[PDB]
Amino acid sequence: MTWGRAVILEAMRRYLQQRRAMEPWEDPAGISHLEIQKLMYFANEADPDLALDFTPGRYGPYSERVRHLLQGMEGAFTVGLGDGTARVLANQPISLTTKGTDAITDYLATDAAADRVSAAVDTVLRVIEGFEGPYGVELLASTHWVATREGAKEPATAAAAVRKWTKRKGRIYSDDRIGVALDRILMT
């Protein structure tokens, strides 16, 4: 198992448990594809050698290689992507299978990269603490992108920059929500 797949399987296992307490009305087993993208965005920032080449988008950063990784595991270590359409932005719930859970536990026990996978996942869990759920990680990831890729490190500047990618404000990309995210990105 490459360690990018391991980072995926391990982020999924621990994030699900963090989310089950924070947003307990969310699915007991499925993580949306778009949530896994945000998790992997932060993992890539914690460990650039992953090389997942994120680009900004309406729902935050997106990696075509993360989707390729999930696809290669489908019906094996994970389930839920199914057979999507070519280049459609599909957001399905993805679960760890029993085999996947067994594979990642075996992996962390012996693999050469095992401590590195855990270090990256622990860094991600720390940054998103309190922001678990499909909205919270999108908000954090989008703010992080504009703060580290476009210099948008001040509240006024980061709000404008986030909303140019999201196309939305409402109560979800108001200055106040982005201010809170920005404070977290700056602290971690």
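Note that residue numbering follows the sequence shown and begins at 1.
- In this crystal structure, the stretch out of 134 to 142 and 118 to 126 whose C-alpha atoms carry the higher mean B factor is 118 to 126.
- Mean CA temperature factor is higher for 66 to 74 when stretches 32 to 40 and 66 to 74 are set side by side in the entry.
- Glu154: CA B factor in the highest third of modelled residues in this chain (values from the PDB entry).
- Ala51: CA B factor lies in the highest third for its chain, per the PDB record.
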